[PDB]
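A lone chain, given as structure tokens: the form deposited in one PDB entry.
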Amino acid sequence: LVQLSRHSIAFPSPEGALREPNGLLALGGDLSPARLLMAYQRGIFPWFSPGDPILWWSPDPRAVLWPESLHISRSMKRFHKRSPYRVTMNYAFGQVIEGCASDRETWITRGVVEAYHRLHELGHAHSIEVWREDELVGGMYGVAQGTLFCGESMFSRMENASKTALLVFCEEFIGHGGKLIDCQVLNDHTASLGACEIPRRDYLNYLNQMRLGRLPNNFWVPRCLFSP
């Protein structure tokens, strides 16, 4: 491996990551906006349980999701056509990440929250919210990397809340140039939604191409995406 330094925002080539644990590449450093941005630019992300030092990753393969391949069951389509939810973009970044943090009775520590909150404040991290009237019932947040979106996590406090968030986002994302969504690691729910695994070099390749891409100037301003 390799320990980072408070000095620079330099990162070692992802290809020198460990095989097991898959993707472990470096430790230390900090969660400053600059260091974080660089992490994503180069296909790396932080992940570590509270108590441990900062750990950075770039797994092989990488879980990803082609927006157009999002699988939506027939029961969900029925649900979404008569949806009881409203979806918004960047209305409550803080609550969404907190919602993702309080899930599972998670590594999302206060420090991590502030760090991504800074990125949101600076205009790089964004959130999708799912509301059951006045209540935030689900959502997802991530870091925008051009036409590629790096999804950190999502949460659901009501049936189909997160499915709705993803469904609505993919429609809005594709409609304006969105090309790929990064899922980091593949999990059961994510896989059922059509997420798949591709080689790390394929992902980095895509990343380098898409970072350059641009969505419309206002794509990320706080707004209502879906309100039946």
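So that there is no doubt, residue numbering starts at 1 and follows the sequence shown. Throughout, rigid core stands for the largest set of C-alpha atoms superposing within 1.5 Å between the two forms.
- A fit on the rigid core, followed by a root mean square over CA positions in 8 other deposited structures of this protein, ranks 186 to 194 against 171 to 179 and picks 186 to 194 as the more shifted one.
- Coverage remark for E105: absent from the model in at least one third of the other entries compared whose chains are built on both sides.
- Unmodelled stretch separating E105 from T106: 1 to 3 residues (count of deposited-sequence residues without coordinates).
- Between 26 to 34 and 56 to 64, the higher mean Cα B-factor belongs to 26 to 34.
- For the segment pair 200 to 208 and 7 to 15, the entry gives 7 to 15 the higher mean B-factor, averaged over Cα atoms.
- The residue among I181, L167, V185, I44 whose C-alpha carries the highest B-factor in the deposited model is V185.
- Per the PDB record, residue ranking by Cα B-factor puts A101 in the highest third of the chain.
- Annotation for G94: C-alpha temperature factor in the lowest third relative to the rest of the modelled chain, per the entry.
- When the modelled residues of the chain are ordered by their C-alpha B factor, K77 lands in the middle third.
- In the deposited entry, the Cα temperature factor of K163 sits in the bottom third of values across the chain's modelled residues.
- For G123, the recorded CA B-factor ranks within the highest third of the chain. Only modelled residues enter the ranking.
Only in words, not in the display: the form deposited with a partner chain bound, which the text now covers.
- Proximity of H189 to the partner chain in the entry with it bound: non-hydrogen atoms within 4.5 Å are present.
- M76 falls outside the set of residues with a heavy atom inside 4.5 Å of the partner chain in the entry with it bound.
- Taking non-hydrogen atoms only, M140 approaches the partner chain to within 4.5 angstroms in the entry with it bound.
- At the 4.5 Å threshold, heavy atoms of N160 stay clear of the partner chain in the entry with it bound, well away from it.
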